[PDB]
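Undergrad: Quick one: this structure, given as structure tokens, is what I'll be asking you about.
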Amino acid sequence: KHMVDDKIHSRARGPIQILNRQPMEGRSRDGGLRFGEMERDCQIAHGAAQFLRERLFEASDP
Amino acid sequence: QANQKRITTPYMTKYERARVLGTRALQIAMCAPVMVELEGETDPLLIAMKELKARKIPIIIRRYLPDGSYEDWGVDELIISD
Amino acid sequence: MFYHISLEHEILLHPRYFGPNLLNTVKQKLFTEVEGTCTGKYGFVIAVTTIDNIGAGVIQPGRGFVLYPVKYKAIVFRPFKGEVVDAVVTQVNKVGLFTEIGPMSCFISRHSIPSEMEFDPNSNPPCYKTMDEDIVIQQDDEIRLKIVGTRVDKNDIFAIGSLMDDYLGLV
Amino acid sequence: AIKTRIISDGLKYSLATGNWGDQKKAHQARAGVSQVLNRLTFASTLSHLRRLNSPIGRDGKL
Amino acid sequence: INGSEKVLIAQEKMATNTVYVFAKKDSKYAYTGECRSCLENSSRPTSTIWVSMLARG
Amino acid sequence: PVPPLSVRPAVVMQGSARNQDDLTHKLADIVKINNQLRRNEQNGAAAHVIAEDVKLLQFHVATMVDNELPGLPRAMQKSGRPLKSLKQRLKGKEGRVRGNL
RNA sequence: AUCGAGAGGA
DNA sequence: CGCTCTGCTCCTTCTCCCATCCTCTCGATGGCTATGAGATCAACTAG
DNA sequence: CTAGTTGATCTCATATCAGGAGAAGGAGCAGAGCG
């Protein structure tokens with residue numbers, strides 16, 4: 001059942017949630033992908049502070 | 001802090017290189033004058049790397065020390081490795 | 001009151017202005033910014049006298065701008081409660097009398113003025129005159145006043161003055 | 001006196017949601033009973049109809 | 001139910017009316033014999049009765 | 001302190017029925033019992049009645065900021081689901097700090 | 001739309 | 001010689017935590033919380 | 001200017017089981033000084 005066309009998804013400034021003005025959840029909601037705690041830790045290890053700020057501040061909910 | 005004696009490394013860190021290149025590329029993209037000559041480069045990142053190789057980026061890195069003081073290094077004063 | 005004070009400001013600068021001449025651009029931008037400006041706390045700034053120091057310009061991360069903190073000597077004008085100043089009369093009216101103190105224009109109501117100085121709209125120049133008609137306060141006259149109240153509107157100060165106190169009259 | 005909605009709506013709700021118990025006790029009730037039949041392939045349907053469940057709790061790591 | 005095909009999953013449970021002697025390592029009792037008792041035609045939940053031995057000391 | 005509408009948005013459903021947040025329902029209970037206690041202290045009420053009202057107000061405020069109090073009954077709502085208090089909004093995973101910051 | 005639950009993927 | 005002040009142990013609460021990201025379906029959710037008389041007032045709609 | 005009508009706004013009034021692990025309090029108590 002797992003065809004790629006039912007899984008491919010992309011986002012660039014779509015809809016946002018009401019409570020926290022962050023991207024929605026899911027392909028069906030045209031949502032954004034979660035940049036989670038482990039991604040934050042990985043980018044902290046990388047030392048990429050501006051990319052980390054872009055992902056956790058500017059690309060989510062400025 | 002005595003600029004005659006700066007205790008930090010004379011090398012540019014990988015993070016300093018990254019942020020200096022990004023900053024200067026944004027400055028070039030916002031129509032700042034270029035310090036080096038240009039053959040056909042139109043990408044700000046390429047121009048910034050050419051300026052760094054030429055040692056002609058007009059930026060000062062203010063490295064903070066844990067005690068609270070700081071040391072100002074010109075991008076031309078640091079040793080660029082990569 | 002004329003004064004000479006050192007003041008602090010910080011101004012952003014676009015990357016286009018880096019150029020071979022940079023300090024001059026920050027200087028002239030400061031001038032074009034705070035020349036003729038007005039603030040209620042430091043009063044009105046007549047002009048900027050001399051630029052003392054130009055701090056290190058810090059590049060804001062994520063933004064091409066650079067903020068320069070500038071220290072500059074500028075001369076201000078601040079009216080005060082209880083201060084006496086000579087003013088120039090500009091308009092006479094039945095609602096009150098309008099006199100200009102430098103950039104500010106202050107209005108004095110007939111209630112604050114002593115009752116001796118009558119209205120006189122029938123005179124060819126609108127003027128204030130007493131029973132004896134000795135003192136004459138009309139347009140363009142030079143008269144002393146005491147500044148009682150200050151009010152700031154749209155960052156612009158407008159004062160109010162009184163002529164009741166003794167020795168406050170025509171120059 | 002007989003309000004038939006008790007038995008009808010109770011059985012219908014319990015089979016519809018899977019929360020096995022009274023509708024008011026929606027948290028004391030144990031879910032996962034009465035799942036939607038899998039109709040993706042005949043083997044999935046047969047296996048779902050022959051499915052057993054050990055309600056030990058997935059959280060348990062024993 | 002409401003046009004939706006619902007399948008009841010068989011649910012496992014410990015058998016009733018049988019005595020099961022276990023021994024919990026971390027407990028005040030050395031051995032515990034439990035019996036989840038339930039009348040033939042169910043009318044109440046399973047009434048569990050335990051008969052335990054207190055741990056030595 | 002009753003938070004603003006952003007913290008407890010009233011989301012509109014497919015139709016016109018505006019559904020209120022759990023915080024708003026809880027604040028409704030708090031205001032109800034607060035007004036009830038205010039009138040019962042102002043007008044005729046027994047001491048034990050006022051005591052019961054104060055106990056219920058305490059329960060409502062506590063379950064507004066923290067619903068999982070041991071022993072006490074969980075603040076309920078329609079459909080038999082407990083309300084999500086301010087503590088569960090940011091308690092752990094999928095809360096504000098870990099789930100949104 | 002929300003919430004919950006369930007079924008799944010790596 | 002009877003009281004105090006420990007401070008050790010056993011039990012008891014009590015409270016916190018339990019991988020990451022992702023897809024889909026399915027059921028419930030309702031929440032509804034009036035009414036009108038009087039006075040006030042400010043704007044037209046006429047005079 | 002003068003009434004008069006018409007909305008809006010607001011006040012008022014009517015009713016009766018296969019967790020775990022650690023941290024904190026409390027209690028029982030053995031014992032040491034010591035009044």
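Residue numbering restarts at 1 for every chain of the structure tokens, chains are lettered A, B, ... in their displayed order, and ligands are numbered from 1 as they appear.
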Find the residues of chain A in contact range of chain H, meaning any atom within 9 Å when counting only C-alpha atoms (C1' of nucleotides), and list them as a ChimeraX atom specification.
TA: /A:6-7,26-27,33-34,36-38
Undergrad: Only C-alpha atoms, please: the residues just picked out, written as a compact mmCIF listing (two decimals), in the first residue's frame.
TA:
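out_28.txt written:
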```txt
# COMPACT_ATOMS: atom_id res chain seq x y z
CA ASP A 6 0.85 9.16 -0.89
CA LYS A 7 3.95 10.11 1.15
CA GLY A 26 0.32 16.38 8.37
CA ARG A 27 0.28 16.16 4.60
CA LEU A 33 7.74 18.84 9.37
CA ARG A 34 8.71 18.76 13.03
CA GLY A 36 12.27 18.16 17.12
CA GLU A 37 14.46 18.12 20.20
CA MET A 38 16.90 15.66 18.65
```
Undergrad: Could you build a table of the residues in chain A lying no more than 10 Å from chain B, giving for each the nearest pair of atoms and their separation in Å rounded to one decimal place, using only C-alpha atoms, ordered by chain and ascending residue number, as a Markdown table?
TA:
```
| residue | atom | partner | partner_atom | distance |
| --- | --- | --- | --- | --- |
| A:46 | CA | B:15 | CA | 9.5 |
| A:47 | CA | B:15 | CA | 7.2 |
| A:48 | CA | B:15 | CA | 8.0 |
| A:49 | CA | B:15 | CA | 9.4 |
| A:50 | CA | B:19 | CA | 8.5 |
```
Undergrad: Pick out the closest residue to residue G:7 from this set: D:48, D:24, D:12, D:30. Count only C-alpha atoms (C1' of nucleotides).
TA: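 Using only C-alpha atoms (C1' of nucleotides), residue G:7 sits closest to D:48.
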Undergrad: Show which residues sit within 10 Å of stretch 14-17 of chain A, as a list in words. Count only C-alpha atoms (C1' of nucleotides), and ignore same-chain residues fewer than 4 positions away.
TA: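 The filter keeps residues 10, 21, 22, 23, 24, 25, 29, 30, 31, 32, 60 and 61 of chain A.
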Undergrad: Within 8 Å of chain D, which residues belong to chain H? Use only C-alpha atoms (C1' of nucleotides) and report them as a list in words.
TA: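 Every residue of chain H that passes the 8 Å test is in residues 18, 26 and 27 of chain H.
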Undergrad: With only C-alpha atoms counted and 12 Å as the cut-off, give the residues of chain C in contact with chain A, each with its shortest interatomic distance in Å and the pair that gives it, as a tab-separated table.
TA:
```
residue	atom	partner	partner_atom	distance
C:60	CA	A:50	CA	11.7
C:61	CA	A:50	CA	8.0
C:62	CA	A:50	CA	7.6
C:63	CA	A:50	CA	11.4
```
Undergrad: Can you list every residue in chain D that DSSP puts in helix (DSSP H, G or I), as a VMD selection string?
TA: chain D and resid 5 to 17 42 to 49
Undergrad: Based on only C-alpha atoms (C1' of nucleotides), which of the residues in chain G come within 12 Å of chain F? I want them as a list in words.
TA: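 On the chain G side, the interface is residues 1, 2, 3 and 4 of chain G.
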Undergrad: Got a sec: who's within 12 Å of stretch 40-50 of chain E, counting only C-alpha atoms (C1' of nucleotides), leaving out chain neighbours fewer than 3 positions off, as JSON, numbers by chain?
TA: {"E": [13, 14, 15, 16, 17, 18, 19, 20, 21, 22, 29, 31, 32, 33, 34, 35, 36, 37, 53], "I": [17]}
Undergrad: Taking 3 positions as the minimum chain separation for residues in the same chain, which residues sit within 10 Å of residue C:9 when counting only C-alpha atoms (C1' of nucleotides)? Answer as a ChimeraX atom specification.
TA: /C:30,34,67-72
Undergrad: Could you dump the residues just selected with N, CA, C and O atoms as a PDB file, in the first residue's frame?
TA:
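Result file is out-v7.pdb:
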```pdb
ATOM      1  N   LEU C  30      22.824  61.010  11.272  1.00  0.00           N
ATOM      2  CA  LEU C  30      22.487  61.507  12.601  1.00  0.00           C
ATOM      3  C   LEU C  30      21.947  62.926  12.525  1.00  0.00           C
ATOM      4  O   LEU C  30      20.938  63.259  13.159  1.00  0.00           O
ATOM      5  N   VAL C  34      18.175  63.914  13.923  1.00  0.00           N
ATOM      6  CA  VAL C  34      17.899  64.631  15.165  1.00  0.00           C
ATOM      7  C   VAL C  34      18.128  66.137  15.014  1.00  0.00           C
ATOM      8  O   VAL C  34      18.319  66.830  16.011  1.00  0.00           O
ATOM      9  N   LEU C  67      24.530  48.693  13.478  1.00  0.00           N
ATOM     10  CA  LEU C  67      24.126  49.762  14.387  1.00  0.00           C
ATOM     11  C   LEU C  67      25.355  50.415  14.963  1.00  0.00           C
ATOM     12  O   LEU C  67      26.265  49.731  15.442  1.00  0.00           O
ATOM     13  N   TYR C  68      25.397  51.739  14.871  1.00  0.00           N
ATOM     14  CA  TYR C  68      26.463  52.542  15.435  1.00  0.00           C
ATOM     15  C   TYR C  68      25.900  53.332  16.605  1.00  0.00           C
ATOM     16  O   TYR C  68      24.910  54.060  16.417  1.00  0.00           O
ATOM     17  N   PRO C  69      26.417  53.168  17.827  1.00  0.00           N
ATOM     18  CA  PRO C  69      26.058  54.098  18.906  1.00  0.00           C
ATOM     19  C   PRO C  69      26.885  55.373  18.808  1.00  0.00           C
ATOM     20  O   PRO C  69      28.116  55.336  18.820  1.00  0.00           O
ATOM     21  N   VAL C  70      26.193  56.502  18.705  1.00  0.00           N
ATOM     22  CA  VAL C  70      26.793  57.819  18.561  1.00  0.00           C
ATOM     23  C   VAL C  70      26.562  58.603  19.843  1.00  0.00           C
ATOM     24  O   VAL C  70      25.467  58.571  20.424  1.00  0.00           O
ATOM     25  N   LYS C  71      27.603  59.300  20.284  1.00  0.00           N
ATOM     26  CA  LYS C  71      27.524  60.285  21.355  1.00  0.00           C
ATOM     27  C   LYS C  71      27.753  61.645  20.718  1.00  0.00           C
ATOM     28  O   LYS C  71      28.721  61.824  19.972  1.00  0.00           O
ATOM     29  N   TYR C  72      26.855  62.591  20.979  1.00  0.00           N
ATOM     30  CA  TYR C  72      26.941  63.893  20.334  1.00  0.00           C
ATOM     31  C   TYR C  72      26.547  64.993  21.306  1.00  0.00           C
ATOM     32  O   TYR C  72      25.622  64.840  22.107  1.00  0.00           O
TER      33      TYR C  72
END
```
Undergrad: Return the neighbours of chain H among the residues of chain F, cut-off 9 Å, counting only C-alpha atoms (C1' of nucleotides), as a list in words.
TA: residues 17, 19, 70, 78 and 79 of chain F
Undergrad: Rounded to one decimal place, report the atom CA of residue C:24-atom CA of residue B:20 distance in Å.
TA: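 For atom CA of residue C:24 relative to atom CA of residue B:20, the distance reads 25.1 Å.
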